[PDB]
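Engineer: The structure follows.
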Amino acid sequence: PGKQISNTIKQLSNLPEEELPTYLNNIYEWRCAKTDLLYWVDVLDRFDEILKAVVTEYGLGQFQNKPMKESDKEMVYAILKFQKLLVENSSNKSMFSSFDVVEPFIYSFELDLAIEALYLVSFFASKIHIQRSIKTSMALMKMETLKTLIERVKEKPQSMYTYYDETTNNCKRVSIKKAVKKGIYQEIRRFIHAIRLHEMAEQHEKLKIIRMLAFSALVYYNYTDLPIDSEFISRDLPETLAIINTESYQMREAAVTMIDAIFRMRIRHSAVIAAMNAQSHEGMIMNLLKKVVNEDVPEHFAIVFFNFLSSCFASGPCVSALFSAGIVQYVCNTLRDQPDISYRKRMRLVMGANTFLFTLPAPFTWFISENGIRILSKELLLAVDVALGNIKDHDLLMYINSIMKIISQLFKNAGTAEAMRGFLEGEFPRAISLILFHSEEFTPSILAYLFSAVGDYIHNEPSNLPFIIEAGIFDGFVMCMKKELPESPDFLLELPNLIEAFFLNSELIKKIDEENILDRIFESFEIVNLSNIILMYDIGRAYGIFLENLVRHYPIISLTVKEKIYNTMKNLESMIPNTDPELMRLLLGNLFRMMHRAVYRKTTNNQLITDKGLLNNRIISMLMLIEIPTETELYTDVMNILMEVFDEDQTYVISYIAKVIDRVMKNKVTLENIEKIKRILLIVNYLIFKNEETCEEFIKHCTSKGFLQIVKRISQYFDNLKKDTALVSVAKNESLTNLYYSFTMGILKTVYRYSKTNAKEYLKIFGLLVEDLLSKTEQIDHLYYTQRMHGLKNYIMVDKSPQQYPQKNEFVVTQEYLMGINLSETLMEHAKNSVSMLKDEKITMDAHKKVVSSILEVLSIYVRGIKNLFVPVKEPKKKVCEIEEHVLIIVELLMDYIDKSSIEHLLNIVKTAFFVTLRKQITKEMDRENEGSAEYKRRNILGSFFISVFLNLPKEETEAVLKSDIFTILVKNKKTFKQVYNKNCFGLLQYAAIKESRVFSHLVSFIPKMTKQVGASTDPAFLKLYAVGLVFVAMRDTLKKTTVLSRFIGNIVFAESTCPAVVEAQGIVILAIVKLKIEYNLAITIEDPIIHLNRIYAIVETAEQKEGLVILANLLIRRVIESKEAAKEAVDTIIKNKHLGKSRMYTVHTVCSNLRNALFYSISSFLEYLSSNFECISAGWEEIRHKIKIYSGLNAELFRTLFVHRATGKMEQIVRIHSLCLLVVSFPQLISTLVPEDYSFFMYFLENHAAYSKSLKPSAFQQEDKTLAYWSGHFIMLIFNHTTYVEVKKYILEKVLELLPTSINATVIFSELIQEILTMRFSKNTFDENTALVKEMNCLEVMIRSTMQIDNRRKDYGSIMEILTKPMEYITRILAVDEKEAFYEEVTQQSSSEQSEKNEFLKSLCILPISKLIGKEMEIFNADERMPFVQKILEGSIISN
């Protein structure tokens, strides 16, 4: 911002609309630096909205108010002109959203509005070729609307106007000469424009310049993807240059802007130069230059024209042509010949120069050869000698700025080193000395470019340096620096460069040391006003690099630089506590980011300027004063430099921080001191954590008595902080205790993880800290026990075995460390005392649960690595048996207080008590003999207690651990078997039953007792248990037992239910019973399942997750249909699927897992297949040598009976037809035996299929309607594809042909029916007979008859035609082609939640192959079991066979 910026913003925002033009007219030109548009957002919005109000008052559609007020027009005219004036010197113009209002001003009746708005448009879209981002801003209006102004305006050019319109497609006139009423005299706007051009001819020159402005604006939006031919440049460019050369100024303004637009896009610059006459010395732009220097031109047009020239000077060939014309000699002649030209003319000349003296090197070479530099010296000296003794002339100082810059970039460019020859010889030294001696009254840019050029020339050669020196140049420099320095960025940016350039000589170094100019260089940081500039630019990095290179090349002043810089850090640290916090935050950020690169580098002489002790003193003094956020860059830099210093020498750093923290500790207790200790604890935590490798001395000092006494005093002070809550709140006390404990944890982890840590020395400090902790525990206030006990848990955590070996959970050496402390006695004391308070009822029950869970986990993970725990081992059972006795005592003491937070730890305890057994570390014989053991009976009675405790909870909590391997042995006892069977928690029963065999040994005996309770049990768990038990006993009896299955006789009847779980249970029971009956002789007889089937279909409507219901229904129905031979052949095909792969498959287990469905389907079939056609399975003994459907026993009558079911509801009919599709796909042979009369029922299928049109989508539809239509059509087309049945196909093709021409939708859907009939090809020969049958009936005749008969004049008629193009074309292509290639041809040659989930479920439904159907249906029976005893015993049977 600034002073004028905000003042103009507020004036344009507050001044009334009547007074707005009055103040606007004062500011004729922007005499200020380039700004940004983001500050005038409010001004832009106000001007835009008042423009909307004005134009809406005018109508924006008809311009009804032709006689308009002068106040509003003057207001808008000034608003536009000065908005433009503000905006040419602005930034970020892609956000300009006021563009949409200017279009009606172009067509407005007052053409001052139009000229101003089009001037704004010209400026805004003149930058398209450079920025290219104004596409969004200027896309508010079309680029095609204003094309009515291609025609040239003459003296009343046209009294005839022709307009072109649609539909009529004719051109005619509308009278304009009437002009009776102002209302009627892109199309009414075009009519208004016609009236403007014809009726009002007095202001015909004005509308003429309007038309040029509008055509130019169209060019500016887009110069159009352009018809660029040779003739385009041949007429457009010469006509425009003649326009500029001959006619007036307003229109040549648009002309020069548009030719600049044409130039900048950089196309056809060869023809542009050729027609441009730019290579001639007197080209048209140089002709304009002569005109401008001779006769005055308006400032706006002059600025635009010279910006056009500057754009021209950017391109290569263009500047080459201009230089060949002699632009350098031209401007040199104009400069030499007359001194009376204005400063602005030479300003424009040198702004051109700052481009064409750097675009190409040849103009620079000729300029050097043309004595140009000395001419510049002459003009500069005369300008400055006129300057002296007079008031501030803005134009003169801007000219001097321009001279300084042009010389600065001329010297800086590497290829422009030709100017070094004539600097000293010319009056450049005198001019630069004069500039230095009067720098106070000059623009700071003058001085910055001066310093830049001086430094560059000094660096160019040291030959002429003294001639600079004793000429008083350095004297003038020093006396200039003595006065208060300018507050400019570039001045202090370029000062170090000249300092180094002077340092190129030793005498200058000794003199600057004598005069100490570095004082100001260093002090440049601590200025509040300049601090903003320091924020903006990267001054700190520049200072750091400068000082680094200075000390690198010149270590002579290293001592002085060091002393002065440390004095500067001390001075800056002095003003920290007594200034606004953000000020030190940002100043310290700057100072640290500059010392980051200034000090601690790897170059030479940096070790001289890196002092560890003093820098540590200053950094610690900084640290104990200010709080620093983590995410700030200053935090990162201070951490980086401090860790580098610490890594340089850890010992002195830790010793010094220790003594400083002790000394500040012994002072008064203050909250600021609390912040200091907090931050010091945090920083020591980070430095401990970041330490990758540690020296042994650091570990020893951490174990030194001084360090531990410091830490114990810290603990004492923290306890003092715990004295009162008002000073340190409970949250603050908890936080400080947590951070202190975290420090202890970190140091303990570091010392333990240290290589070959001294066990005794580490245990010494560990014992000291734990005894301090337990001493602090006896205090009555136990509210902080949570973090203390978490701390002791972490103490257990740090002393743990590395467990590097995978699948290893056992203490390596930490067991002895743990047992050497007698922690068990402390556990006993804590347990009894906690139960004592439990009797005292002063603790919340949930708090009691969390306390006992904490105790349980402490004990569990304290003992889980104890060796030979519950192991009957002879020698080491002296104390581990005592530990087990303690554990049983404690668990007896806490028999009634096991919570969900404790059940996992109880599982951990039981896992530890049986670790080797469940990990199969037993030999099945050592376990078989270890029954008579003290540890064995102990763990038995404990397991009894755990079962008793677990059975005291509701089902919800027990569901978490319903599947644990511990129960496999817990229920293995028949006593516990029946005890938990009485508890009715059968999920454990199924899981352990799958995982264990003796549980089945008892369960099969149990089954006959509960065979009677099955009837209408209405329980999921009981029924699934019955099913799984029956199937498992059936397979076990097939495994050469047999006689057990024969003894089971009974019968069960079922009732009706509405709850789903009951119906899935009944369905699974039917599955099991029918599958067992069809395969094996079982005396249990059940009724006809079809009643339960229609139950399922009647109920699937309301139930959720119908996927299970439908899949079980389909599987059971094919079980009913299928026979043993069909299943055996299907299993054979499944085996052959892998058999043809001939992979390696060395292990039996992987093959069994991949084919679990084949194994568990019918074990007899797979066993006989492996006996005869054995696969390529190594079988654990070398390698083995390796190597149309007709089915019987089917139930076709049931299919026929369900065929005429004719249900009513939507979803169950959809399910039934899906089942029909699946069964016919699986079993096409059943359709062959249907009654020859049922074909009349296909009417329903084809009708409800054709009722809905998927192509012509009707609204108010349901997704279920789409599903029904798709599936109904799919069923019949599947009959076509998958069946070789001719007569039924002939009958149905008849029916479809008669029903086709009934209606338009019927015709479309029937043509699509035939299309999908012919598209996907089931088989080659079958497709051939299909084609023969379809051609025999000659469908084409009648269907094309329907094609042209229904032709009617209607809106959707045409759309129906392109819909129907594809079917006949495809049929004709197929039919005409012979049988051989016809098969080879192709085409084109929470209510919402339930609805969404059921729709997605319907979408998921599709046809699947039988094998994965088996897999997913019997996943329920296997319960996704991986390695049961079933697979092991089957592998044994296979191996033995």
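Identifiers in the structure tokens: chain A, B, ... in order shown; residue index from 1 per chain; ligand index from 1 in order shown.
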Could you list, as a short mmCIF file (atom, residue, chain, number, x, y, z; two decimals) with N, CA and C atoms, in the first residue's frame, every residue within 12 Å of region 545-552 of chain A, counting only C-alpha atoms and ignoring same-chain residues fewer than 5 positions away?

Structural biologist:
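This went into result.cif:
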```
data_model
loop_
_atom_site.label_atom_id
_atom_site.label_comp_id
_atom_site.auth_asym_id
_atom_site.auth_seq_id
_atom_site.Cartn_x
_atom_site.Cartn_y
_atom_site.Cartn_z
N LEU A 493 21.46 -3.63 -0.59
CA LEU A 493 21.74 -4.87 -1.31
C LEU A 493 23.05 -4.76 -2.08
N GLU A 494 23.32 -3.60 -2.67
CA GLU A 494 24.50 -3.41 -3.50
C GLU A 494 25.71 -2.89 -2.73
N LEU A 495 25.51 -2.38 -1.51
CA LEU A 495 26.65 -1.95 -0.71
C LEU A 495 27.70 -3.04 -0.50
N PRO A 496 27.36 -4.27 -0.10
CA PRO A 496 28.42 -5.27 0.12
C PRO A 496 29.24 -5.58 -1.12
N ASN A 497 28.64 -5.51 -2.30
CA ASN A 497 29.39 -5.77 -3.52
C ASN A 497 30.51 -4.76 -3.71
N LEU A 498 30.21 -3.47 -3.51
CA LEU A 498 31.27 -2.47 -3.61
C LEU A 498 32.25 -2.58 -2.45
N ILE A 499 31.79 -3.02 -1.27
CA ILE A 499 32.72 -3.25 -0.17
C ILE A 499 33.75 -4.30 -0.55
N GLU A 500 33.29 -5.41 -1.14
CA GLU A 500 34.23 -6.45 -1.56
C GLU A 500 35.12 -5.96 -2.70
N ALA A 501 34.54 -5.23 -3.65
CA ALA A 501 35.33 -4.70 -4.76
C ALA A 501 36.44 -3.79 -4.26
N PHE A 502 36.14 -2.96 -3.26
CA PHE A 502 37.19 -2.20 -2.59
C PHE A 502 38.16 -3.12 -1.87
N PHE A 503 37.66 -4.20 -1.27
CA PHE A 503 38.53 -5.13 -0.57
C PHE A 503 39.49 -5.85 -1.50
N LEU A 504 39.27 -5.78 -2.82
CA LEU A 504 40.23 -6.34 -3.76
C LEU A 504 41.64 -5.78 -3.56
N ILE A 509 41.34 -2.16 2.56
CA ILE A 509 40.97 -2.96 3.73
C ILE A 509 41.49 -2.31 5.00
N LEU A 518 32.10 -1.07 8.63
CA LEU A 518 31.30 -2.27 8.87
C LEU A 518 30.28 -2.08 9.99
N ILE A 521 27.03 -1.55 8.29
CA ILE A 521 26.70 -2.78 7.58
C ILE A 521 26.09 -3.80 8.53
N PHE A 522 26.69 -3.95 9.72
CA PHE A 522 26.14 -4.87 10.71
C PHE A 522 24.84 -4.34 11.31
N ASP A 538 15.38 -11.44 0.90
CA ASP A 538 16.32 -12.35 1.54
C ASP A 538 17.64 -11.66 1.89
N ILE A 539 17.57 -10.61 2.71
CA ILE A 539 18.77 -9.86 3.07
C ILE A 539 19.70 -10.70 3.93
N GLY A 540 19.13 -11.51 4.83
CA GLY A 540 19.96 -12.29 5.74
C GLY A 540 20.87 -13.27 5.02
N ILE A 557 40.85 -9.45 8.74
CA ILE A 557 39.93 -8.76 9.64
C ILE A 557 39.03 -9.74 10.39
N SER A 558 39.41 -11.02 10.44
CA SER A 558 38.56 -12.03 11.06
C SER A 558 38.34 -11.72 12.54
N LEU A 559 39.37 -11.25 13.24
CA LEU A 559 39.21 -10.91 14.65
C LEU A 559 38.26 -9.73 14.83
N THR A 560 38.42 -8.68 14.02
CA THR A 560 37.53 -7.53 14.11
C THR A 560 36.10 -7.91 13.74
N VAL A 561 35.93 -8.69 12.68
CA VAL A 561 34.60 -9.14 12.29
C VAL A 561 33.97 -9.94 13.41
N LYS A 562 34.74 -10.85 14.02
CA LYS A 562 34.22 -11.67 15.11
C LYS A 562 33.78 -10.82 16.29
N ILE A 565 30.68 -8.70 15.37
CA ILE A 565 29.45 -9.46 15.18
C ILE A 565 28.94 -9.99 16.51
N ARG A 593 18.43 -17.05 10.65
CA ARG A 593 18.55 -17.50 9.28
C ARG A 593 19.73 -16.86 8.56
N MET A 594 20.26 -15.75 9.08
CA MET A 594 21.50 -15.24 8.49
C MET A 594 22.73 -15.89 9.11
N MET A 595 22.74 -16.14 10.42
CA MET A 595 23.89 -16.83 11.00
C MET A 595 23.93 -18.30 10.59
N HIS A 596 22.82 -18.84 10.09
CA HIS A 596 22.82 -20.21 9.59
C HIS A 596 23.90 -20.40 8.53
N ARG A 597 23.93 -19.52 7.54
CA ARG A 597 24.94 -19.59 6.50
C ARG A 597 26.18 -18.77 6.82
N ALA A 598 26.04 -17.75 7.68
CA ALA A 598 27.19 -16.91 8.02
C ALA A 598 28.26 -17.70 8.78
N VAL A 599 27.85 -18.53 9.74
CA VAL A 599 28.79 -19.27 10.58
C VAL A 599 28.54 -20.76 10.40
N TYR A 600 29.50 -21.55 10.89
CA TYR A 600 29.44 -23.01 10.84
C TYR A 600 29.34 -23.52 9.40
N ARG A 601 30.36 -23.20 8.61
CA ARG A 601 30.50 -23.67 7.24
C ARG A 601 31.73 -24.56 7.13
N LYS A 602 31.88 -25.17 5.95
CA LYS A 602 32.98 -26.09 5.70
C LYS A 602 34.11 -25.47 4.89
N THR A 603 34.05 -24.17 4.62
CA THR A 603 35.12 -23.50 3.91
C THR A 603 36.25 -23.12 4.87
N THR A 604 37.33 -22.59 4.30
CA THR A 604 38.44 -22.15 5.12
C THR A 604 38.08 -20.88 5.89
N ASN A 605 38.77 -20.68 7.01
CA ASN A 605 38.65 -19.54 7.91
C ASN A 605 37.33 -19.51 8.66
N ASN A 606 36.41 -20.45 8.40
CA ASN A 606 35.17 -20.49 9.15
C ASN A 606 35.39 -20.98 10.57
N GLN A 607 36.34 -21.91 10.76
CA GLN A 607 36.69 -22.35 12.11
C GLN A 607 37.19 -21.20 12.97
N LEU A 608 37.74 -20.15 12.35
CA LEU A 608 38.15 -18.97 13.11
C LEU A 608 36.95 -18.23 13.68
N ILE A 609 35.86 -18.13 12.92
CA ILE A 609 34.69 -17.36 13.34
C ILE A 609 33.66 -18.19 14.08
N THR A 610 33.89 -19.49 14.24
CA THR A 610 33.00 -20.36 15.00
C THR A 610 33.58 -20.55 16.39
#
```

Engineer: Considering only C-alpha atoms, return as a list in words whatever protein or nucleic-acid residues lie within 8 Å of residue 36 (chain A), sequence-local ones (same chain, fewer than 3 positions apart) excluded.

Structural biologist: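 So the residues in contact are residues 39, 90, 91 and 92 of chain A.
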
Engineer: Just to be explicit: take each residue in the selection above, keep N, CA, C and O atoms, and write the result as a PDB file, in the first residue's frame.

Structural biologist:
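Dumped everything to part-v4.pdb:
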```
ATOM      1  N   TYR A  39      -5.668  -3.944  -3.752  1.00  0.00           N
ATOM      2  CA  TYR A  39      -6.012  -2.878  -2.821  1.00  0.00           C
ATOM      3  C   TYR A  39      -7.280  -2.135  -3.220  1.00  0.00           C
ATOM      4  O   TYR A  39      -8.019  -1.679  -2.340  1.00  0.00           O
ATOM      5  N   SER A  90      -0.988  -1.180 -12.559  1.00  0.00           N
ATOM      6  CA  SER A  90      -1.448  -2.087 -11.520  1.00  0.00           C
ATOM      7  C   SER A  90      -0.975  -3.501 -11.832  1.00  0.00           C
ATOM      8  O   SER A  90      -0.311  -3.751 -12.841  1.00  0.00           O
ATOM      9  N   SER A  91      -1.319  -4.431 -10.943  1.00  0.00           N
ATOM     10  CA  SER A  91      -0.903  -5.821 -11.053  1.00  0.00           C
ATOM     11  C   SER A  91      -2.057  -6.750 -10.696  1.00  0.00           C
ATOM     12  O   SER A  91      -3.030  -6.346 -10.053  1.00  0.00           O
ATOM     13  N   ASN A  92      -1.929  -8.007 -11.126  1.00  0.00           N
ATOM     14  CA  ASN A  92      -2.931  -9.050 -10.890  1.00  0.00           C
ATOM     15  C   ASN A  92      -4.292  -8.641 -11.458  1.00  0.00           C
ATOM     16  O   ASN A  92      -5.286  -8.504 -10.742  1.00  0.00           O
TER      17      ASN A  92
END
```

Engineer: Compile the contact shell of region 1229-1236 of chain A as a ChimeraX atom specification: residues with an atom at most 9 Å away, counting only C-alpha atoms, same-chain residues fewer than 2 positions apart removed.

Structural biologist: /A:1189-1191,1194-1197,1199-1200,1224,1226-1227,1238-1239,1283,1285,1288

Engineer: Print the selection's residues with C-alpha atoms to a file, as a PDB file, in the first residue's frame.

Structural biologist:
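Result file follows (selection.pdb):
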```pdb
ATOM      1  CA  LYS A1189     -23.607 -82.715 -21.162  1.00  0.00           C
ATOM      2  CA  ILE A1190     -25.838 -85.701 -20.370  1.00  0.00           C
ATOM      3  CA  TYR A1191     -27.015 -86.125 -16.771  1.00  0.00           C
ATOM      4  CA  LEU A1194     -32.672 -85.121 -12.233  1.00  0.00           C
ATOM      5  CA  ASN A1195     -36.056 -83.810 -11.067  1.00  0.00           C
ATOM      6  CA  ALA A1196     -37.594 -82.198 -14.148  1.00  0.00           C
ATOM      7  CA  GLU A1197     -41.186 -82.344 -12.876  1.00  0.00           C
ATOM      8  CA  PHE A1199     -39.104 -77.416 -12.671  1.00  0.00           C
ATOM      9  CA  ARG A1200     -42.353 -77.801 -14.608  1.00  0.00           C
ATOM     10  CA  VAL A1224     -31.342 -73.618 -17.446  1.00  0.00           C
ATOM     11  CA  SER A1226     -26.520 -75.198 -15.706  1.00  0.00           C
ATOM     12  CA  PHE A1227     -29.019 -77.801 -16.980  1.00  0.00           C
ATOM     13  CA  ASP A1238     -46.640 -74.825 -21.924  1.00  0.00           C
ATOM     14  CA  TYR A1239     -45.200 -72.479 -24.578  1.00  0.00           C
ATOM     15  CA  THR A1283     -30.041 -74.634 -26.097  1.00  0.00           C
ATOM     16  CA  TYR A1285     -33.922 -76.951 -29.244  1.00  0.00           C
ATOM     17  CA  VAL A1288     -39.644 -74.074 -29.247  1.00  0.00           C
TER      18      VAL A1288
END
```

Engineer: Would you kindly return, as a list in words, each protein, DNA or RNA residue with an atom no farther than 8 Å from any atom of region 1212-1221 of chain A, considering only C-alpha atoms and excluding same-chain residues fewer than 4 positions away?

Structural biologist: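 Using only C-alpha atoms, the neighbours found are residues 1097, 1098, 1100, 1101, 1110, 1114, 1207, 1208, 1225, 1267, 1268, 1271, 1272, 1275 and 1278 of chain A.
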
Engineer: If you count only C-alpha atoms, which residues fall within 12 Å of residue 426 (chain A), apart from same-chain ones fewer than 4 positions away, as number ranges by chain?

Structural biologist: A: 371-378, 380-381, 419-422, 430-432

Engineer: Output N, CA, C and O atoms of each residue in that selection to a file, as a short mmCIF file (atom, residue, chain, number, x, y, z; two decimals), in the first residue's frame.

Structural biologist:
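Produced file result.cif, reproduced below:
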```cif
data_model
loop_
_atom_site.label_atom_id
_atom_site.label_comp_id
_atom_site.auth_asym_id
_atom_site.auth_seq_id
_atom_site.Cartn_x
_atom_site.Cartn_y
_atom_site.Cartn_z
N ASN A 371 31.15 5.50 -30.14
CA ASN A 371 31.48 6.50 -29.12
C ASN A 371 30.29 6.75 -28.19
O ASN A 371 30.19 7.81 -27.56
N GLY A 372 29.38 5.78 -28.09
CA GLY A 372 28.13 6.01 -27.38
C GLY A 372 28.32 6.31 -25.91
O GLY A 372 27.61 7.15 -25.35
N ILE A 373 29.26 5.62 -25.26
CA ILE A 373 29.41 5.76 -23.81
C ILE A 373 29.85 7.18 -23.45
O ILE A 373 29.37 7.76 -22.47
N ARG A 374 30.77 7.76 -24.23
CA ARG A 374 31.21 9.12 -23.94
C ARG A 374 30.10 10.14 -24.20
O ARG A 374 29.99 11.15 -23.50
N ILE A 375 29.25 9.88 -25.20
CA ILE A 375 28.09 10.74 -25.41
C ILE A 375 27.14 10.65 -24.22
O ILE A 375 26.57 11.65 -23.78
N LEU A 376 26.97 9.44 -23.69
CA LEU A 376 26.17 9.28 -22.47
C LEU A 376 26.80 10.04 -21.32
O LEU A 376 26.09 10.66 -20.51
N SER A 377 28.13 10.01 -21.22
CA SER A 377 28.81 10.78 -20.18
C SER A 377 28.53 12.27 -20.33
O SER A 377 28.27 12.96 -19.34
N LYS A 378 28.57 12.78 -21.56
CA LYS A 378 28.32 14.19 -21.80
C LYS A 378 26.89 14.57 -21.41
O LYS A 378 26.67 15.57 -20.71
N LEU A 380 24.89 13.01 -19.39
CA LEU A 380 24.75 12.85 -17.95
C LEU A 380 25.35 14.04 -17.21
O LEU A 380 24.74 14.55 -16.26
N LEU A 381 26.54 14.48 -17.62
CA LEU A 381 27.18 15.59 -16.91
C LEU A 381 26.39 16.88 -17.09
O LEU A 381 26.23 17.64 -16.13
N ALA A 419 32.26 -2.25 -22.92
CA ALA A 419 32.20 -0.88 -22.40
C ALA A 419 33.30 -0.58 -21.38
O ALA A 419 33.39 0.56 -20.92
N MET A 420 34.12 -1.56 -21.03
CA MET A 420 35.17 -1.36 -20.04
C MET A 420 36.35 -0.55 -20.55
O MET A 420 37.19 -0.12 -19.75
N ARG A 421 36.43 -0.31 -21.86
CA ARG A 421 37.62 0.32 -22.43
C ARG A 421 37.65 1.82 -22.16
O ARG A 421 38.72 2.39 -21.90
N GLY A 422 36.50 2.48 -22.22
CA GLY A 422 36.47 3.93 -22.16
C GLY A 422 35.77 4.52 -20.95
O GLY A 422 35.06 5.53 -21.07
N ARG A 430 34.25 11.50 -12.86
CA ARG A 430 33.78 12.77 -12.33
C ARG A 430 32.27 12.75 -12.11
O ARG A 430 31.78 13.24 -11.09
N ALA A 431 31.53 12.16 -13.05
CA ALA A 431 30.08 12.09 -12.91
C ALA A 431 29.68 11.24 -11.70
O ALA A 431 28.80 11.63 -10.93
N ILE A 432 30.33 10.09 -11.52
CA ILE A 432 29.98 9.23 -10.40
C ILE A 432 30.37 9.88 -9.08
O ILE A 432 29.67 9.75 -8.08
#
```
